[PDB]
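One file, structure-v1.txt, carrying compact mmCIF, C-alpha atoms and all ligand atoms:
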```txt
# COMPACT_ATOMS: atom_id res chain seq x y z
CA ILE A 1 11.15 -1.85 1.21
CA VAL A 2 14.10 -2.58 3.54
CA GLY A 3 15.60 -6.08 3.59
CA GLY A 4 13.43 -7.58 0.83
CA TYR A 5 14.21 -8.74 -2.73
CA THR A 6 13.60 -7.87 -6.39
CA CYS A 7 10.11 -9.13 -7.15
CA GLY A 8 10.66 -9.81 -10.86
CA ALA A 9 8.86 -7.96 -13.68
CA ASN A 10 5.11 -7.85 -13.32
CA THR A 11 5.05 -10.63 -10.67
CA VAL A 12 2.82 -8.37 -8.46
CA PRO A 13 0.36 -7.29 -11.14
CA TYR A 14 -2.07 -5.38 -8.86
CA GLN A 15 0.76 -3.12 -7.71
CA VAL A 16 0.54 0.43 -9.04
CA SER A 17 2.69 3.52 -8.66
CA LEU A 18 1.10 6.90 -7.90
CA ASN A 19 2.96 9.64 -9.74
CA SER A 20 2.96 13.45 -9.49
CA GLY A 21 5.99 14.03 -11.76
CA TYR A 22 7.75 11.44 -9.58
CA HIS A 23 6.80 8.21 -7.76
CA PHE A 24 5.33 9.19 -4.34
CA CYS A 25 3.20 6.21 -3.21
CA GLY A 26 1.96 2.70 -4.16
CA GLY A 27 -1.64 1.55 -4.54
CA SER A 28 -3.46 -1.71 -5.33
CA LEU A 29 -5.71 -2.25 -8.35
CA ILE A 30 -9.00 -3.77 -7.14
CA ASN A 31 -10.98 -3.63 -10.44
CA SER A 32 -10.35 -2.16 -13.91
CA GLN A 33 -11.33 1.35 -12.77
CA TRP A 34 -10.43 1.62 -9.04
CA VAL A 35 -7.25 1.57 -6.97
CA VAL A 36 -6.96 1.37 -3.17
CA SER A 37 -4.24 3.42 -1.46
CA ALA A 38 -3.61 5.33 1.80
CA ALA A 39 -5.49 8.56 2.59
CA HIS A 40 -2.16 10.15 3.60
CA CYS A 41 -1.13 9.72 -0.06
CA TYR A 42 -3.90 12.10 -1.19
CA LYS A 43 -3.04 14.90 -3.59
CA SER A 44 -4.61 16.48 -6.63
CA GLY A 45 -3.44 15.52 -10.15
CA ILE A 46 -2.46 11.88 -9.53
CA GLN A 47 -1.31 9.78 -12.44
CA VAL A 48 -1.66 6.05 -11.83
CA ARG A 49 1.00 3.87 -13.48
CA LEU A 50 0.00 0.22 -13.84
CA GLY A 51 2.12 -2.62 -15.25
CA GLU A 52 5.34 -1.04 -13.92
CA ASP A 53 8.58 -2.81 -13.04
CA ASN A 54 11.38 -0.29 -13.62
CA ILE A 55 9.57 3.06 -12.90
CA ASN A 56 12.31 4.95 -14.75
CA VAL A 57 12.35 3.15 -18.16
CA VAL A 58 9.37 2.51 -20.51
CA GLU A 59 9.77 -1.26 -20.93
CA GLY A 60 6.37 -2.05 -22.36
CA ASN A 61 3.41 -3.23 -20.22
CA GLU A 62 2.90 0.23 -18.64
CA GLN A 63 -0.53 1.83 -18.64
CA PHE A 64 -0.57 5.52 -17.44
CA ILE A 65 -4.08 6.63 -16.50
CA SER A 66 -5.02 9.90 -14.76
CA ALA A 67 -7.07 9.68 -11.59
CA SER A 68 -10.54 11.10 -12.27
CA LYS A 69 -11.49 10.92 -8.55
CA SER A 70 -9.46 10.51 -5.31
CA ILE A 71 -11.71 9.71 -2.34
CA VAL A 72 -10.23 9.84 1.18
CA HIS A 73 -12.20 8.00 3.88
CA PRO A 74 -14.42 10.65 5.59
CA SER A 75 -13.18 9.69 9.07
CA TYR A 76 -9.53 9.76 8.09
CA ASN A 77 -7.60 11.56 10.87
CA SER A 78 -4.18 12.83 9.80
CA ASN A 79 -2.93 13.23 13.38
CA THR A 80 -3.49 9.55 14.25
CA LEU A 81 -3.61 7.88 10.82
CA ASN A 82 -6.88 6.22 11.80
CA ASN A 83 -8.89 5.18 8.71
CA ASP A 84 -5.85 5.58 6.46
CA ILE A 85 -7.51 4.52 3.23
CA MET A 86 -8.26 6.24 -0.04
CA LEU A 87 -10.05 5.10 -3.21
CA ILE A 88 -8.89 6.37 -6.60
CA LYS A 89 -11.12 6.13 -9.69
CA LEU A 90 -9.25 5.98 -13.00
CA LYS A 91 -10.30 8.26 -15.84
CA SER A 92 -10.54 5.26 -18.15
CA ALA A 93 -10.62 1.55 -17.37
CA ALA A 94 -7.21 -0.13 -17.37
CA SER A 95 -6.84 -3.15 -19.65
CA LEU A 96 -6.42 -6.28 -17.56
CA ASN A 97 -4.16 -9.18 -18.61
CA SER A 98 -1.54 -11.29 -16.76
CA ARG A 99 0.74 -8.26 -16.14
CA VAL A 100 -2.03 -5.90 -14.99
CA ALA A 101 -4.64 -7.57 -12.80
CA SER A 102 -6.89 -6.83 -9.84
CA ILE A 103 -6.34 -8.19 -6.33
CA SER A 104 -9.34 -9.58 -4.46
CA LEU A 105 -10.66 -7.92 -1.31
CA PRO A 106 -10.89 -9.98 1.87
CA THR A 107 -14.04 -11.86 2.82
CA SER A 108 -12.69 -12.14 6.41
CA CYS A 109 -9.87 -10.57 8.45
CA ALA A 110 -6.50 -12.33 8.56
CA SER A 111 -5.01 -13.76 11.74
CA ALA A 112 -1.78 -13.17 13.60
CA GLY A 113 1.10 -15.18 12.14
CA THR A 114 -0.31 -15.31 8.59
CA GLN A 115 2.42 -14.67 5.99
CA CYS A 116 1.87 -11.81 3.56
CA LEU A 117 3.57 -10.10 0.62
CA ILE A 118 4.34 -6.36 0.90
CA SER A 119 5.84 -4.51 -2.06
CA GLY A 120 6.72 -1.07 -3.39
CA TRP A 121 9.34 1.28 -4.81
CA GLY A 122 10.06 2.92 -1.48
CA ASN A 123 13.31 3.52 0.40
CA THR A 124 15.49 0.40 0.60
CA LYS A 125 17.56 1.68 3.57
CA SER A 126 16.96 1.88 7.33
CA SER A 127 19.55 4.64 7.66
CA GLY A 128 19.77 7.24 4.86
CA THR A 129 17.94 6.93 1.54
CA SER A 130 18.10 4.83 -1.64
CA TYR A 131 15.15 4.50 -4.07
CA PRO A 132 15.10 1.50 -6.39
CA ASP A 133 14.24 1.43 -10.07
CA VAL A 134 12.49 -1.96 -9.91
CA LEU A 135 9.69 -3.18 -7.60
CA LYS A 136 10.87 -4.68 -4.30
CA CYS A 137 9.07 -7.32 -2.27
CA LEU A 138 9.12 -8.58 1.32
CA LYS A 139 7.41 -11.59 2.91
CA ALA A 140 6.26 -10.72 6.46
CA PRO A 141 3.85 -12.13 9.05
CA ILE A 142 0.99 -10.32 10.76
CA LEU A 143 1.89 -9.79 14.43
CA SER A 144 -0.44 -10.29 17.37
CA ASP A 145 -2.49 -7.23 18.30
CA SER A 146 -0.97 -7.35 21.82
CA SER A 147 2.56 -7.19 20.46
CA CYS A 148 1.43 -4.50 18.00
CA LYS A 149 0.07 -2.42 20.87
CA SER A 150 3.06 -2.99 23.18
CA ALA A 151 5.32 -1.70 20.41
CA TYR A 152 3.21 1.48 19.87
CA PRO A 153 1.33 2.20 23.08
CA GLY A 154 -1.98 4.04 22.58
CA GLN A 155 -1.38 4.55 18.83
CA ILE A 156 -2.89 1.33 17.52
CA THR A 157 -6.60 1.46 16.63
CA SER A 158 -8.88 -1.39 15.62
CA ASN A 159 -8.39 -0.21 11.97
CA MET A 160 -4.68 -1.03 12.10
CA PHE A 161 -2.44 -4.09 12.35
CA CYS A 162 1.28 -4.58 12.64
CA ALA A 163 3.31 -6.82 10.33
CA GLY A 164 7.01 -7.53 10.02
CA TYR A 165 9.89 -8.44 12.26
CA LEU A 166 10.43 -7.07 15.82
CA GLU A 167 13.75 -7.42 14.42
CA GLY A 168 15.21 -4.55 12.69
CA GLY A 169 16.18 -5.22 9.13
CA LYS A 170 13.00 -6.00 7.16
CA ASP A 171 10.09 -3.59 6.73
CA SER A 172 8.22 -1.30 4.38
CA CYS A 173 9.28 2.38 4.35
CA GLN A 174 8.67 5.83 2.85
CA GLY A 175 7.64 5.62 -0.81
CA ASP A 176 5.98 2.24 -0.18
CA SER A 177 3.05 4.06 1.54
CA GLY A 178 -0.38 3.26 0.13
CA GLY A 179 0.90 -0.02 -1.30
CA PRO A 180 -0.36 -3.54 -0.75
CA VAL A 181 -0.09 -6.15 1.98
CA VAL A 182 -1.49 -9.35 0.31
CA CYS A 183 -2.11 -12.50 2.37
CA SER A 184 -3.33 -15.75 0.82
CA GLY A 185 -4.38 -13.79 -2.29
CA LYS A 186 -6.41 -11.13 -0.50
CA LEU A 187 -5.63 -7.41 0.01
CA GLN A 188 -5.54 -7.32 3.81
CA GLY A 189 -3.39 -4.23 4.44
CA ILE A 190 -2.28 -0.84 3.15
CA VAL A 191 1.27 0.41 3.95
CA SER A 192 0.46 3.21 6.43
CA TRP A 193 3.16 4.12 8.96
CA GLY A 194 5.91 3.10 11.38
CA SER A 195 8.64 4.71 13.53
CA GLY A 196 11.64 4.97 11.18
CA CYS A 197 11.99 1.90 8.93
CA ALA A 198 13.20 -1.59 9.88
CA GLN A 199 14.04 -0.52 13.44
CA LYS A 200 14.14 -2.97 16.32
CA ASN A 201 10.74 -3.30 18.07
CA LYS A 202 9.01 -0.83 15.70
CA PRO A 203 7.28 -2.97 13.08
CA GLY A 204 5.26 -1.71 10.13
CA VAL A 205 1.67 -0.55 10.85
CA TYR A 206 -0.95 -1.20 8.11
CA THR A 207 -4.53 -0.11 7.48
CA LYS A 208 -6.87 -3.07 8.21
CA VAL A 209 -8.61 -3.48 4.87
CA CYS A 210 -11.08 -6.16 6.07
CA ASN A 211 -12.87 -3.40 8.07
CA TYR A 212 -13.49 -1.35 4.91
CA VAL A 213 -14.93 -3.83 2.44
CA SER A 214 -18.50 -2.62 2.69
CA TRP A 215 -17.34 1.01 2.53
CA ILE A 216 -15.22 0.29 -0.59
CA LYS A 217 -18.15 -1.47 -2.32
CA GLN A 218 -20.68 1.25 -1.52
CA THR A 219 -18.25 4.04 -2.45
CA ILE A 220 -17.54 2.37 -5.80
CA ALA A 221 -21.27 1.69 -6.37
CA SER A 222 -22.09 5.38 -5.89
CA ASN A 223 -19.27 6.84 -7.98
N1 LIG B 1 8.40 1.63 8.82
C1 LIG B 1 7.26 1.49 8.13
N2 LIG B 1 6.68 0.31 7.81
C2 LIG B 1 6.86 2.71 7.38
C3 LIG B 1 6.01 2.69 6.27
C4 LIG B 1 5.67 3.89 5.63
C5 LIG B 1 6.18 5.12 6.06
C6 LIG B 1 7.06 5.13 7.18
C7 LIG B 1 7.64 6.44 7.67
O1 LIG B 1 7.59 7.40 6.89
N3 LIG B 1 8.25 6.48 8.95
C8 LIG B 1 8.81 7.75 9.38
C9 LIG B 1 8.82 7.96 10.94
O2 LIG B 1 9.78 7.78 11.66
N4 LIG B 1 7.61 8.52 11.41
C10 LIG B 1 7.26 8.22 12.80
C11 LIG B 1 5.85 8.54 13.27
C12 LIG B 1 4.77 8.58 12.17
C13 LIG B 1 3.69 9.57 12.66
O3 LIG B 1 3.91 10.76 12.56
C14 LIG B 1 2.41 9.01 13.22
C15 LIG B 1 1.31 9.89 13.35
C16 LIG B 1 0.14 9.36 13.88
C17 LIG B 1 -0.01 8.03 14.28
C18 LIG B 1 1.08 7.18 14.14
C19 LIG B 1 2.28 7.68 13.61
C20 LIG B 1 5.30 9.34 10.91
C21 LIG B 1 6.55 8.63 10.40
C22 LIG B 1 10.26 7.93 8.92
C23 LIG B 1 10.90 9.17 9.08
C24 LIG B 1 12.23 9.28 8.65
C25 LIG B 1 12.90 8.19 8.10
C26 LIG B 1 12.26 6.95 7.95
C27 LIG B 1 10.94 6.83 8.38
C28 LIG B 1 7.39 3.94 7.85
CA CA B 2 8.45 1.33 -16.71
```
Now, as a test, write the supplied structure out as structure tokens.
Amino acid sequence: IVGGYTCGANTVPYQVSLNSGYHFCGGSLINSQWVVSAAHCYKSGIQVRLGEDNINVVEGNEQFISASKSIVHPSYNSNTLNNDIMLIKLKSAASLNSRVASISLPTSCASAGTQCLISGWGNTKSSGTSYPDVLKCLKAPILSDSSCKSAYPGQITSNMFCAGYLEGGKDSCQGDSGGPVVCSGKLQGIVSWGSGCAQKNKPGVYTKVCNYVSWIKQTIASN
């Protein structure tokens, strides 16, 4: 996250870290056994870390659970990032409390101008690199689809939305990928991609989770 703030320990309790000997992506807990993340975060041997604040110190509240299954949407296209969504099943159910909790899925799509919360342990710089120990947060609005498409001509599908500041200065970034965009208590986006981070007229682009609710529910039902 570039230009955001320290969330505070366990204030975003659905936020997980995907680890492969190091933090590589975020994810969102949607029930005790399943996490939503980006398909471009796929890899074998994922370890899901729930209840994290500082990802480098065991502080208490952590739960480390191996992924038993990592399911990339079947129409995911790595060239375009269309359908950039992945479902991870945990080997054992996480224990849910106030520091580890699920985030509800949307019952409808969100509208342009709605304010959302985006978080992660990704790069905090727009130039160069700096990775934080503690979870960072950023409040950002959903942009209109016309402004989204003018910023990224021919690259925005109906399964994507832009959010952030046309700005420069405040955005998600590498390392935050797969992580949540939560708006009025619903998981409406997945950190997916953008040109650089926090650059003027290049806002973040997020998977549009309201288009995948039936797919998530059927995939979970079958697995
Ligand atoms: N800012 C966000 N909100 C955000 C969030 C999460 C990751 C990234 C991210 O990693 N940004 C890349 C970048 O410049 N690129 C451009 C094109 C994109 C791509 O190849 C593509 C492919 C198909 C369709 C659309 C885009 C791949 C990343 C990058 C490279 C070097 C330093 C910083 C950032 C950005
Ligand atoms: Ca920790």
Could you give me, as a VMD selection string, the residues within 8 Å of residue 203 (chain A), counting all atoms listed in the file and dropping anything in the same chain fewer than 2 positions from it? chain A and resid 148 151 162 to 167 171 194 to 195 197 to 201 205
Hey, which bits of chain A sit within 9 Å of ligand LIG 1 (chain B), and for each residue what's the closest pair of atoms and how far apart in Å (one decimal), counting only C-alpha atoms and all ligand atoms, rows by chain and increasing number, as a tab-separated table?
```
residue	atom	partner	partner_atom	distance
A:1	CA	B:LIG1	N2	8.3
A:2	CA	B:LIG1	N1	8.8
A:77	CA	B:LIG1	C16	8.6
A:78	CA	B:LIG1	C16	6.9
A:79	CA	B:LIG1	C16	5.0
A:80	CA	B:LIG1	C16	3.7
A:81	CA	B:LIG1	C17	5.0
A:82	CA	B:LIG1	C17	7.5
A:122	CA	B:LIG1	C4	8.4
A:123	CA	B:LIG1	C26	8.4
A:125	CA	B:LIG1	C26	8.7
A:126	CA	B:LIG1	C26	6.9
A:127	CA	B:LIG1	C25	7.6
A:128	CA	B:LIG1	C25	7.7
A:129	CA	B:LIG1	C25	8.4
A:152	CA	B:LIG1	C18	8.4
A:155	CA	B:LIG1	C17	5.9
A:156	CA	B:LIG1	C18	7.8
A:162	CA	B:LIG1	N2	8.7
A:163	CA	B:LIG1	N2	8.3
A:164	CA	B:LIG1	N2	8.2
A:170	CA	B:LIG1	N2	9.0
A:171	CA	B:LIG1	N2	5.3
A:172	CA	B:LIG1	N2	4.1
A:173	CA	B:LIG1	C3	3.8
A:174	CA	B:LIG1	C5	4.1
A:175	CA	B:LIG1	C4	7.0
A:176	CA	B:LIG1	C4	6.0
A:177	CA	B:LIG1	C4	4.9
A:178	CA	B:LIG1	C4	8.2
A:191	CA	B:LIG1	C3	5.7
A:192	CA	B:LIG1	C4	5.3
A:193	CA	B:LIG1	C3	4.2
A:194	CA	B:LIG1	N1	3.9
A:195	CA	B:LIG1	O2	3.8
A:196	CA	B:LIG1	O2	3.4
A:197	CA	B:LIG1	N1	3.6
A:198	CA	B:LIG1	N1	5.9
A:199	CA	B:LIG1	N1	7.6
A:202	CA	B:LIG1	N1	7.3
A:203	CA	B:LIG1	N2	6.2
A:204	CA	B:LIG1	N2	3.4
A:205	CA	B:LIG1	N2	5.9
A:206	CA	B:LIG1	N2	7.8
```
Nearest residue to residue 183 (chain A) out of A:142, A:220, A:116, A:109, using all atoms listed in the file? A:116
Output as JSON lines one row per residue of chain A within 8 Å of ligand CA 2 (chain B): the closest atom pair and its distance in Å to one decimal place, counting only C-alpha atoms and all ligand atoms, sorted by chain and residue number ascending.
```
{"residue": "A:51", "atom": "CA", "partner": "B:CA2", "partner_atom": "CA", "distance": 7.6}
{"residue": "A:52", "atom": "CA", "partner": "B:CA2", "partner_atom": "CA", "distance": 4.8}
{"residue": "A:53", "atom": "CA", "partner": "B:CA2", "partner_atom": "CA", "distance": 5.5}
{"residue": "A:54", "atom": "CA", "partner": "B:CA2", "partner_atom": "CA", "distance": 4.6}
{"residue": "A:55", "atom": "CA", "partner": "B:CA2", "partner_atom": "CA", "distance": 4.3}
{"residue": "A:56", "atom": "CA", "partner": "B:CA2", "partner_atom": "CA", "distance": 5.6}
{"residue": "A:57", "atom": "CA", "partner": "B:CA2", "partner_atom": "CA", "distance": 4.5}
{"residue": "A:58", "atom": "CA", "partner": "B:CA2", "partner_atom": "CA", "distance": 4.1}
{"residue": "A:59", "atom": "CA", "partner": "B:CA2", "partner_atom": "CA", "distance": 5.1}
{"residue": "A:60", "atom": "CA", "partner": "B:CA2", "partner_atom": "CA", "distance": 6.9}
{"residue": "A:61", "atom": "CA", "partner": "B:CA2", "partner_atom": "CA", "distance": 7.6}
{"residue": "A:62", "atom": "CA", "partner": "B:CA2", "partner_atom": "CA", "distance": 6.0}
```
Create the file for the chosen residues now, containing C-alpha atoms and written as a PDB file, in the coordinates of the input.
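For reference, selection-v4.pdb as written:
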```pdb
ATOM      1  CA  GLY A  51       2.120  -2.620 -15.250  1.00  0.00           C
ATOM      2  CA  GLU A  52       5.340  -1.040 -13.920  1.00  0.00           C
ATOM      3  CA  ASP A  53       8.580  -2.810 -13.040  1.00  0.00           C
ATOM      4  CA  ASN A  54      11.380  -0.290 -13.620  1.00  0.00           C
ATOM      5  CA  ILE A  55       9.570   3.060 -12.900  1.00  0.00           C
ATOM      6  CA  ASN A  56      12.310   4.950 -14.750  1.00  0.00           C
ATOM      7  CA  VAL A  57      12.350   3.150 -18.160  1.00  0.00           C
ATOM      8  CA  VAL A  58       9.370   2.510 -20.510  1.00  0.00           C
ATOM      9  CA  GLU A  59       9.770  -1.260 -20.930  1.00  0.00           C
ATOM     10  CA  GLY A  60       6.370  -2.050 -22.360  1.00  0.00           C
ATOM     11  CA  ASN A  61       3.410  -3.230 -20.220  1.00  0.00           C
ATOM     12  CA  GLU A  62       2.900   0.230 -18.640  1.00  0.00           C
TER      13      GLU A  62
END
```
So, counting all atoms listed in the file, which residue among A:143, A:87, A:101, A:137 is closest to residue 218 (chain A)? A:87
So which residues touch residue 13 (chain A) within 7 Å, counting all atoms listed in the file, skipping near sequence neighbours fewer than 2 positions away, as an NGL selection string? :A and (10-11 or 15 or 51 or 99-101)
Got a sec: who's within 7 Å of region 19-28 of chain A, counting all atoms listed in the file, leaving out chain neighbours fewer than 4 positions off, as a ChimeraX atom specification? /A:14-15,35-37,41,45-48,120,175-180
Export, as a compact mmCIF listing (two decimals), in the coordinates of the input, the selected residues with C-alpha atoms.
```
# COMPACT_ATOMS: atom_id res chain seq x y z
CA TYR A 14 -2.07 -5.38 -8.86
CA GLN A 15 0.76 -3.12 -7.71
CA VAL A 35 -7.25 1.57 -6.97
CA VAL A 36 -6.96 1.37 -3.17
CA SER A 37 -4.24 3.42 -1.46
CA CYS A 41 -1.13 9.72 -0.06
CA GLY A 45 -3.44 15.52 -10.15
CA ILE A 46 -2.46 11.88 -9.53
CA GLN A 47 -1.31 9.78 -12.44
CA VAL A 48 -1.66 6.05 -11.83
CA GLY A 120 6.72 -1.07 -3.39
CA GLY A 175 7.64 5.62 -0.81
CA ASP A 176 5.98 2.24 -0.18
CA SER A 177 3.05 4.06 1.54
CA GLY A 178 -0.38 3.26 0.13
CA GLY A 179 0.90 -0.02 -1.30
CA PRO A 180 -0.36 -3.54 -0.75
```
